[PDB]
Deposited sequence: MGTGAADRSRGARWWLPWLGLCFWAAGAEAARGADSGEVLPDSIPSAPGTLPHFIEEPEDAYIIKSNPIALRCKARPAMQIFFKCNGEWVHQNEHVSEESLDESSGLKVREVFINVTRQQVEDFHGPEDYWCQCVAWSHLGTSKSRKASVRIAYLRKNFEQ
C-alpha cells in the first residue's frame, strides 16, 4: 500500500501443437504498463507480441505465436517453455512457466 505489483488475471497455460498449427499463449495482468514473454531464458522479440491495453489502473493483455518450427529447432535439456513478465512502477512480476510440446494424433 498504496501501490501494488502486477497481479496476473490470466497466466500462460501448457499448450500442444497438433498438427503444425500455431498455438497462442494468453497473458493478462493488472496493474501493468508492459508485458513481455521470456521463452527458454531469452526475451521474445517485441514484434512477436500482440498487446491489448484497457482501463478498469491499467490492464494489459499480450498474446504470442509459437509454431512447430520454433519448438523443433530448440534442442535444450528440458521441454520448450515460455514465462510471462509484467512491469509496473514499483517493479516486476513473473507468472508460471508454460511448456509447449509437439503432439501427434492417433
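Deposited-sequence ranges lacking C-alpha coordinates, in sequence order
No C-alpha coordinates exist for 1 to 46, 103 to 106, 157 to 161.
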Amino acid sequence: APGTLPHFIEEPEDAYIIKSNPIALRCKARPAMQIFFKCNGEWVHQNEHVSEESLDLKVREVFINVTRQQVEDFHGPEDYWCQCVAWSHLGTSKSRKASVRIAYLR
From here on, numbers count along this sequence of modelled residues.
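Is the mean CA B factor in the deposited entry higher across 35 to 43 or across 69 to 77?
Mean B over CA atoms: larger for 69 to 77.
When the modelled residues of the chain are sorted by Cα temperature factor, does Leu57 land in the lowest, middle or highest third?
CA B-factor rank for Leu57: middle third.
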